[PDB]
Amino acid sequence: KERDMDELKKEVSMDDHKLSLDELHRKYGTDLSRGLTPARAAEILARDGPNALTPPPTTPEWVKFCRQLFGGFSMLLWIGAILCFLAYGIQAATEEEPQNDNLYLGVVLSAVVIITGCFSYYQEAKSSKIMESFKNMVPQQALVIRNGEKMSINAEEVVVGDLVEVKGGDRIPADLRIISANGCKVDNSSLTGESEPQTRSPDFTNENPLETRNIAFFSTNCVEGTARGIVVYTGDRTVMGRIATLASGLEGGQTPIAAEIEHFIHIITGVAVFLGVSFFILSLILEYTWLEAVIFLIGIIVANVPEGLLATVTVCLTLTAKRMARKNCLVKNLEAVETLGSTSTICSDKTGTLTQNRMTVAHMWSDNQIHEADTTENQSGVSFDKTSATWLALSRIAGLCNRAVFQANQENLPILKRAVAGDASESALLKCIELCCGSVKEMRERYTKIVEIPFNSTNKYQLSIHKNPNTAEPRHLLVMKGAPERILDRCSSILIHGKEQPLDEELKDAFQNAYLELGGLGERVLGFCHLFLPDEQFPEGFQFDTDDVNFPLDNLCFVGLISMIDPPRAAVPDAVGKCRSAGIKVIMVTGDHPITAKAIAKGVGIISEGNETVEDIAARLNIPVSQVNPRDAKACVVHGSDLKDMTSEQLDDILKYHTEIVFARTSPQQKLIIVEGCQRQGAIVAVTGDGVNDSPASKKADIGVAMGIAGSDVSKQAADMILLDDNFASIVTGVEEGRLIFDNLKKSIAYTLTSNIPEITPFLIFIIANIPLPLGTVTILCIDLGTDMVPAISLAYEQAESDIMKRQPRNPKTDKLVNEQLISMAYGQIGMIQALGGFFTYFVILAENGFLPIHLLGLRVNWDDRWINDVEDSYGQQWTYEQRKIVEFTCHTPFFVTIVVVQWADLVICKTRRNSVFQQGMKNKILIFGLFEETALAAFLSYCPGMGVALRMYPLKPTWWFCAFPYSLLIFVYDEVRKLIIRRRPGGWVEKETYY
Amino acid sequence: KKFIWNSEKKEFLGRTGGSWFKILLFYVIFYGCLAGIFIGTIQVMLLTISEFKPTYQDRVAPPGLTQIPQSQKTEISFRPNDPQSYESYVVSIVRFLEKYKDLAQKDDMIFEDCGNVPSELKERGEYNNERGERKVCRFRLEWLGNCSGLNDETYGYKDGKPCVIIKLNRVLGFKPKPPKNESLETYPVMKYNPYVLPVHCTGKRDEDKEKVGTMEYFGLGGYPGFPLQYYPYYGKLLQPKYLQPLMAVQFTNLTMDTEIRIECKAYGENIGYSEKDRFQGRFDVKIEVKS
Amino acid sequence: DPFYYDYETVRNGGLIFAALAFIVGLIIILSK
Ligand SMILES: *[C@@H]1O[C@H](CO)[C@@H](O[C@@H]2O[C@H](CO)[C@@H](O)[C@H](O)[C@H]2NC(C)=O)[C@H](O)[C@H]1NC(C)=O
Ligand SMILES: CC(C)CCC[C@@H](C)[C@H]1CC[C@H]2[C@@H]3CC=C4C[C@@H](O)CC[C@]4(C)[C@H]3CC[C@]12C
Ligand SMILES: CC(C)CCC[C@@H](C)[C@H]1CC[C@H]2[C@@H]3CC=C4C[C@@H](O)CC[C@]4(C)[C@H]3CC[C@]12C
Ligand SMILES: *[C@@H]1O[C@H](CO)[C@@H](O)[C@H](O)[C@H]1NC(C)=O
Ligand SMILES: [Mg+2]
Ligand SMILES: [Mg+2]
Ligand SMILES: [Mg+2]
């Protein structure tokens, strides 16, 4: 019945927050000011469990080893080894003194699977080890009030229903029910997604237990203020606890690359069994027995299975994954490296993923001119204008009239990424003055403060009077800030270009429109003003008041405005643009208010200029929204409140008829619903998130992208790709590498599949025409597990033949990895020429030793006989068993060399799919080493002392190396003119048949 | 999932009709060109080698030593009474010596009577075709005494005590060179050393050597070997119907109902041996006359 | 005699070729 539990966790949460202070203490039975007795703690601590999420499920060491030992590709190899042993069992009960060919092949295939599993386990283990070295979380104890006495105890020792006091700076231990606050602004970033710090008020505000202010949530830090509250939920029963457990109970699904590997195995078996059955009928129709026909069938199917392709594909993916690890784009799933390349819809998160999740000064108004401050994280943006005297006034008001500054260790850390104590606005002002006006350490003390007035609920004002600096002698400076509409009313003088002017409505309304411009831009504006108290009417020494306000509240001099918002990350806009360039549909999925989401969407690229929503057209026409046609609006903002009352069919209509969609105020569960809706269309989805609200979205999606530092641990574990540097451009790099490795995979696969023709054909005609074996098994192993390993691997270092970031994402049902065209090229054309080249060397060698090609017909009968030592050649000479057998082995070795010779041209032609070898160039240093090492190794396998005794690979007469040269040159010329016709004639036939 | 049979677009086995014709036509032209190219290359290769000499003869450096009864495992197990038990042997001997009868060697335009005494090598010029078809020296079955063919006693060689003739692997241009002074193995079996290649049989261990009672050899004029007047060989083209020398070996006092091993080693300078090829130079037999 | 092949010379030449072709490939891959 777990299918119902998962749905219960998918359902939105509910609460009991809306209860009187007498009703809340009644349901749990707790004192409102003294909490509960210490004995009462052990009554709930050992009852339901300590206040801590249940650790994730553990999958022991040997499980991954066995997982890689089985797989799907390893499954094809296991069935091959099983068929080898079955063929050996069928051959043992029949022939006098059998051979150990099938036995060696079976043990070899098994070792291949084991070796690949070990290498894969090593790579996947290294990934988890570095992730563990990055996830070091320390305990955070809670300040609980028990028995009327304050006590700081571990978070796991907290129970349900005991007064907890959270100070400005502490993290909310468990889900609390606020009862008394003092301007507390909890940071609900990781849970709900609300960028701007939300204040917590003891009084019930919204029906939704999230939007309400009388609830503190788990894993949320108290930005400022202090508050009291009763514990409602604990451990896994918390909001984020249920979200994390839901993430742990979701299905990962089938990756797009594994489906391609499976489809590949499918065609492999297609040809394997087709050739085995057709040759089984042919073998019987000729003269063989059922006993030998079964052995043949098994040998044809097994010899048609690319053994060495497993290690090549594994290392091929590992190389591209290592290039991601070098750039901090770690991948926990070895096959998730390609997933980006097939993505066609990226569902991103706003707060944390696209933005920096840091309230920062965006724009300032001074001298009737908006000034956009650089909103970058690394300080690489255009610098604002600072030459006027008004900038100094604004900088003074902001740097002076501000409660706190940085902390103790915040000395070596950068100005932006360093911690600051206080409200989120004050920190932004501090960073703007520290980056634009020098420092604030000596600037704040240089202007000694006397009487400071903090924010008030009535007559809302935030001011402070300070002493005057360097000899100018105006003696006093009264700074004040606040709501623009409130500070404007308490001002008469206005600073402009350096001097002062009256409050004429002409420029006052110029300030009003500047307020609405920065408001509609998606920012939070604040007005700043100051006044010089004339020291002639008011004393120079001690003259102040605080109860019966003496400082002139009005007649102040307004300087300007200072807006602020969490800005998007540096490379985010360009990244979104690049993704839209490749054809990826960018969809924003956030939990923040729509007012901010729309502005951020228009600023990063999710919403381009010109495209209007269903609301923008109605506002442009002064008509109700219900009138306009939704087809006229290209983009649209989907409110989470309306998504709750939506069906499965309507979501599809929203995704199809709208290109730029922005889902706002969406609960984590709603994010999962959206991801499922995008997957219903049949397109590949990639979710990029950071908070725990993105865990169910990053888990279900084909690939989850979490932030290495700005991302919570839950969503970081439920994801499949980690961005250690948080550089959102890694998404663009990932999609590029995905498509690149997909094409190089096609090439490497074709290179390994082409060698099976000149590999199987010798044994095939050995049975057909009854001629001596042209190619042995040892040599074949030296080919697929020897020479061709390096070229197949070096084919992964190839680079783009065109602009891969310009083409559309691949279609899962149309553009397959291994289609029929690849089979027509490898098994049909190229492999055929390689086989003819092999037989040429065969006849050349045998004919030069006296056994003319014509005389070899039907000679196998007496050739494999160990006792007929008078075998006559075409010249009349009598050859013993070992003599003609030495010729057979010294005829097998050059066949292997012939394979290497034709593989030179095969590697060069498989290096490019459309372009010419000269347009692309053999700049792949690994590919060149692949040819030198291949040739050297082959020559060693024949001229090494003791090879005719160890592997029965005798040395070759030098003149044999040139036997396959014309065939290789022919392969090169033919495929070259083929790609040239595809280049100059991108029409039909030459494109629908050869192009793989 | 296998209903690829047909479609509304006239598809058979996967594609249309015109598509099948285009692909089949391409494959016919392509594979035909490939076959023609392979044939042209194999033709040039056939032009590379000559007709009177193989371009490589190092793989047959130490000549072999075969026998008349090509046994399944070089073992001769039969019954001295049952004629069908040794039929497989006798038939192989008769067909082998069927080309050595006096009636088979009757034309004097292709046969040359060498002599009743082993003589020096007979070199018939070079291996070119400037000369006519070379002559082949006669070798009558009478030379193999008591192991002759069909002359007076078509004994079948088994009324007890069998016969096993040995033959030197015919090699083109091979000039056998018998031994001399350094003789740590050349037994005094027969006087003639200079114009005959000696071959001596023996047991294999302290057991076989005792079980094998007596061996009697028969050759040209009574010499246990091969006469040098029959070498060298000039190929099948220049010397058709050639008859290499033969040498018979009879084992008289054997141990009936006992499998014993015999090793017939041919000695000479141009005769090499091999621990991997039990036939190169030497020869082995597992005889057992079970009554 | 024509029944003798200097296999030692060809074998040595093959080993020399393998060594040279391998170090050359190393130079191309470990290029500087
Ligand atoms: C050729 O055949 C005759 C048979 O007519 C052999 O006669 C042998 O005579 C010797 C001498 O007394 C006996 O020791 C043997 O037992 C006889 N053998 C047989 C099979 O009867 C004669 O040895 C044979 N060989 C030669 C060289 O004459
Ligand atoms: C249409 C034209 C260009 C094709 C002409 C085919 C040429 C290039 C082919 C045809 C026969 C071939 C030769 C056939 C015989 C030999 C001797 C052999 O032991 C090694 C290969 C070698 C040395 C070949 C080299 C290439 C060759 C000369
Ligand atoms: C880019 C292409 C054309 C380069 C082709 C490389 C040619 C020139 C090289 C590659 C491998 C070489 C062969 C490698 C092995 C042997 C056996 C050795 O004991 C003597 C040299 C000999 C017979 C070489 C002849 C030249 C050869 C065939
Ligand atoms: C075999 O017969 C010979 C005849 O001369 C005799 O000398 C020898 O001792 C016998 N050996 C055995 C083992 O019977
Ligand atoms: Mg293979
Ligand atoms: Mg987030
Ligand atoms: Mg996943």
Inset, instruction - Among residues belonging to segment A:836-868 that are facing another protein chain (nearest Cβ under 8 Å) and in a helix (DSSP H, G or I), point out the one that is surrounded by the most Cβ atoms within 10 Å (Cβ to Cβ). - result: A:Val844
Inset, instruction - Examine segment A:630-638 for a residue that is touching a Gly at 6+ places or on another chain (Cβ under 9 Å) and without any contact (Cβ under 8 Å) to a residue 40 or more places away in the chain, and state whether such a residue exists. - result: yes
Inset, instruction - Search segment A:224-253 for residues that are within 20 Å of A:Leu143 (Cα to Cα) and pair each with any residue that is assigned to a helix (DSSP H, G or I) and within 16 Å of ligand 1 (Cβ to nearest atom) when their beta-carbon atoms are under 8 Å apart and the residues are at least 6 apart or on different chains. - result: none
Inset, instruction - Please determine, by comparing only the residues of segment B:129-180 that are within 14 Å of chain A (Cβ to nearest Cβ), of a type in the set (A, V, I, L, M, F, W, C) and part of a loop (DSSP other than H, G, I, E, B), which one is farthest from ligand 2 (Cβ to nearest atom). - result: B:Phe174
Inset, instruction - Determine whether segment A:897-905 contains at least one residue that is surrounded by fewer than 18 Cβ atoms within 10 Å (Cβ to Cβ) and within 14 Å of chain C (Cβ to nearest Cβ). - result: no
Inset, instruction - Identify all residues within chain C that are under 19 Å from A:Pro945 (Cβ atoms) and facing chain A (nearest Cβ under 7 Å); write none if there are none. - result: C:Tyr7, C:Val10, C:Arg11, C:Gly14, C:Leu15, C:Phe17, C:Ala18, C:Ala21, C:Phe22
Inset, instruction - Identify all residues within segment B:98-150 that are surrounded by fewer than 16 Cβ atoms within 10 Å (Cβ to Cβ), closer than 22 Å to B:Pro176 by Cα and either without any contact (Cβ under 8 Å) to a residue 12 or more places away in the chain or among the aromatic types (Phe, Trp, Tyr) (or both); write none if there are none. - result: B:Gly125, B:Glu126
Legend entry - Among residues of segment A:773-802, those that are among the polar types (S, T, N, Q) and surrounded by 20 or more Cβ atoms within 10 Å (Cβ to Cβ), counted: 4
Inset, instruction - Specify which of the listed residues (A:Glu933, A:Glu993) is more than 30 Å from C:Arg11 (Cβ to Cβ) and either outside the structural domain of A:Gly828 (by TED's automatic domain parsing) or crowded, with 17+ Cβ neighbours inside 10 Å (or both). - result: A:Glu993
Inset, instruction - Looking only at segment B:238-246, decide whether some residue is more than 14 Å from every other protein chain (Cβ to nearest Cβ) and away from ligand 4 (no atom under 16 Å from the Cβ). - result: no
Inset, instruction - Just name the residue that is surrounded by the fewest Cβ atoms within 10 Å (Cβ to Cβ) out of those in segment A:131-149 that are under 27 Å from the mean Cα position of the chain (by Cα) and assigned to a loop (DSSP other than H, G, I, E, B). - result: A:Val138
Legend entry - Which listed residue, of A:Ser152, A:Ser74, A:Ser128, is buried (at least 18 other Cβ atoms within 10 Å of the Cβ) and outside the structural domain of A:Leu775 (by TED's automatic domain parsing): A:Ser74
Inset, instruction - Those residues that are of a type in the set (A, V, I, L, M, F, W, C), away from ligand 2 (no atom under 16 Å from the Cβ), more than 14 Å from chain C (Cβ to nearest Cβ) and closer than 24 Å to C:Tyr5 by Cβ, I need them from segment B:10-67; list them, please. - result: B:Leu65
Legend entry - Members of segment A:817-830 found to be surrounded by fewer than 23 Cβ atoms within 10 Å (Cβ to Cβ) and more than 9 Å from chain B (Cβ to nearest Cβ), listed by number: A:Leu817, A:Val818, A:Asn819, A:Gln821, A:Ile823, A:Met825, A:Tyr827
Legend entry - Entirely in segment A:434-532, the helices (runs of 4 or more DSSP H) that have 1 or more residues that are touching a residue at least 12 places away in the same chain (Cβ under 8 Å), among the small types (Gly, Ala, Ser) and in the same structural domain as A:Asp423 (by TED's automatic domain parsing): A:505-520
Legend entry - Of all residues making up segment B:151-161, the number that are surrounded by fewer than 12 Cβ atoms within 10 Å (Cβ to Cβ) and either under 17 Å from B:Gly219 (Cα atoms) or aromatic (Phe, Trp, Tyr) (or both): 1
Legend entry - Among the residues listed as A:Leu775, A:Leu745, the single one being among the aliphatic types (A, V, I, L, M), touching a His at 6+ places or on another chain (Cβ under 7 Å) and in contact (Cβ under 8 Å) with a residue 12 or more places away in the chain: A:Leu775
Legend entry - Selected residue (criterion: farthest from ligand 4 (Cβ to nearest atom)) from residues of segment B:204-219 that are crowded, with 16+ Cβ neighbours inside 10 Å and part of a loop (DSSP other than H, G, I, E, B): B:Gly219
Inset, instruction - Would you tally the residues in segment B:68-83 being among the polar types (S, T, N, Q), in a loop (DSSP other than H, G, I, E, B) and away from chain A (no Cβ under 14 Å)? - result: 1
Inset, instruction - Would you tally the residues in segment A:1-56 being farther than 30 Å from A:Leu672 by Cβ, surrounded by 12 or more Cβ atoms within 10 Å (Cβ to Cβ) and of a type in the set (S, T, N, Q)? - result: 2
Legend entry - Verdict on A:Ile300 being surrounded by fewer than 23 Cβ atoms within 10 Å (Cβ to Cβ) and more than 36 Å from the chain's Cα centre (by Cα): no
Legend entry - Residue count, segment A:238-293 (criterion: part of a helix (DSSP H, G or I) and under 30 Å from the mean Cα position of the chain (by Cα)): 21
Inset, instruction - Evaluate segment B:197-220: report whether one residue or more is over 19 Å from the mean Cα position of the chain (by Cα), over 29 Å from B:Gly160 (Cα atoms), in the same structural domain as B:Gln57 (by CATH) and away from ligand 3 (no atom under 16 Å from the Cβ). - result: no
Legend entry - Tally, over segment A:384-413, of residues that are in a loop (DSSP other than H, G, I, E, B) and either free of Cβ contacts under 8 Å to residues at least 24 places away in the same chain or of a type in the set (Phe, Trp, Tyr) (or both): 11
Inset, instruction - Test each condition in (1) surrounded by fewer than 20 Cβ atoms within 10 Å (Cβ to Cβ); (2) more than 25 Å from B:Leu121 (Cα to Cα); (3) in contact (Cβ under 8 Å) with a residue 12 or more places away in the chain; (4) away from every other protein chain (no Cβ under 14 Å) for B:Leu184 and report the one that comes out false. - result: (3)
Legend entry - Number of the exception - A:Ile79 against (1) over 28 Å from A:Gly117 (Cα atoms); (2) assigned to a helix (DSSP H, G or I): (1)
Legend entry - Candidate set: segment B:243-265, residues that are surrounded by 20 or more Cβ atoms within 10 Å (Cβ to Cβ) and under 27 Å from B:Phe52 (Cβ atoms); chosen: the one nearest to ligand 1 (Cβ to nearest atom): B:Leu246
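Basis: the model, the stated rules and, where named, an outside source; nothing here is a laboratory result. Virtual Cβ from ideal backbone geometry, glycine too; neighbours counted across all protein chains shown.
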